[PDB]
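Working notes, beginning with the structure itself.
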Amino acid sequence: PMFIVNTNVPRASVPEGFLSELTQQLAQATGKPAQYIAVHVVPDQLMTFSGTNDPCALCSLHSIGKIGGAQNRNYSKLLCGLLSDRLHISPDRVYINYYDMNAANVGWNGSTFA
Amino acid sequence: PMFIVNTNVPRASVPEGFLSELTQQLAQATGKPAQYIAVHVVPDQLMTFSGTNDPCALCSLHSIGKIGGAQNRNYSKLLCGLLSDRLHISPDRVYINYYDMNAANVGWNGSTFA
Amino acid sequence: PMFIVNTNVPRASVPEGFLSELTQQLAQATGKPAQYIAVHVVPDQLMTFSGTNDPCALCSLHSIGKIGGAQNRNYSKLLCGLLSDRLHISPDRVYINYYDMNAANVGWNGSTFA
Ligand SMILES: O=C([O-])/C(F)=C\c1ccc(O)cc1
Ligand SMILES: O=C([O-])/C(F)=C\c1ccc(O)cc1
Ligand SMILES: O=C([O-])/C(F)=C\c1ccc(O)cc1
């Protein structure tokens, strides 16, 4: 799976072990090995949410399976919790897009996952 | 909805209230109150379109509903007009990807929109 | 089509004609005219793969057509090849997401392809 976070929060505020933490947290939550988890954090972005430039985040979680109604609800609680505590972004100023990818549509190591 | 613009135009060429203008324009175009709109602009990018580095943009518009065939033509006219007028990007050097998102696949405020 | 590469490799490590090379290579692989190919490269990113900060890359290829199980395996070999040779990123530290876009959901030149 891969997780991307875009936020207007300055780089200086992103905690040092934040990416490794997200890796651990996601492994547990999706039940996928940490070896297949990729995390991408983009701070200092020029963004607005509800028309204001208060701290916000636009996130994306791509996974082959483990995506769905209940699972996504649990990912949102966990993820909003982490952004809130580590980056101090209010949970209602965060949008997370969930994508269930077909194995044939994910390339890796010179081939695909199918 | 959320709208993302990636462009090789420098940060300095992005007008001061442009994100607010985008927010207002999209609220009118989609019919969704500005309160539900997030905008993200990424300037200074390393990109080529048709093999050249003249000004260009790659955008994404995600919405829960309000997305579809004929309506996307309208969005393209509006959006390209704005980037042309404001950032001086030629319409033929702009791509916009449109995504209709399922509410169960959008996380917000600790849960999903489902 | 449009191709995006996000990497933690430094900007100075990206060879001069890389975007132009990707344009030709893509035109060749997909059969699409270079005129319609957009390339976006984002170096110096804060990202981890498998929990480590070693060179990695997260990419996306969007196309209207020319996307399929067999074609994607082919694109992946070519693309992981170029990234290893040119940016020295190990192929097992590269993800490429593939998207077959409906012509109606791709805006260009103030309209859509449908
Ligand atoms: O989640 C997975 O099964 C995985 F190991 C990798 C992955 C990479 C990119 C994606 O878009 C989704 C999954
Ligand atoms: O458009 C909507 O109804 C909305 F309130 C939020 C939203 C957030 C992220 C998306 O990707 C799409 C819609
Ligand atoms: O690939 C094509 O046929 C094309 F001319 C443009 C395009 C632009 C953006 C996309 O997301 C997909 C295709």
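So that the names make sense, note that chain A is the first sequence line, chain B the second, and so on, each numbered from 1. No hydrogens, no waters, no symmetry mates; every other heavy atom, side chains included, goes into these values.
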Nearest heavy-atom contact between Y98(C) and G107(A) is CE1-N, 3.8 Å
Pair count under 4.5 Å, heavy atoms only, with chain A: among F49(C), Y99(C), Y95(C), highest is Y95(C)
CE of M2(A) to CG of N97(C), rounded to nearest 0.5 Å, is 5.0 Å
Legend entry - Over 12 foreign heavy atoms within 6.0 Å of CD, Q28(C): no
Closest non-hydrogen contact found for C80(C) with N109(A) is SG-N, 4.2 Å
request  = Please indicate whether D54(A) has more than 12 foreign heavy atoms, meaning atoms of other residues, nucleotides or ligands, lying under 6.0 Å from its CG.
outcome  = yes
When the 4.5 angstrom heavy-atom criterion is applied to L19(A) and chain C, the contacting part is both
So, the part of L79(C) with a heavy atom under 4.5 Å from chain A: the answer is neither
message: Before you tell me yes or no, could you show the steps for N105(A) and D100(C) under side chain to side chain contact (heavy atoms under 4.5 Å, CB included), namely the whole-Å CA-CA distance, both residues' side-chain angles and the distance that decides it to 0.1 Å?
response: CA-CA 9 Å; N105(A) 285 336; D100(C) 186 357; over 6 Å; no
The complete set of ring pair (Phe, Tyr, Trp, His ring centres under 6.0 Å) pairs with one or both residues in residues 1-42 of chain C, sequence neighbours excluded, reads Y36(C)-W108(C)
Cut-off 4.5 Å, heavy atoms of chain C, and the answer for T23(A) is side chain
In short, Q35(A) meets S50(C) closest at the heavy-atom pair O-OG, 2.6 Å
Quiz prompt | Heavy-atom neighbours of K32(A) NZ exceed 12 at 6.0 Å | solution = yes
Bottom line for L58(C): the part with an atom under 4.5 Å from chain A's heavy atoms is side chain
Take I96(C) and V106(A) through the side chain to side chain contact (heavy atoms under 4.5 Å, CB included) test and state the conclusion after the steps. CA-CA 6 Å; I96(C) 302 170; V106(A) 187; over 6 Å; no
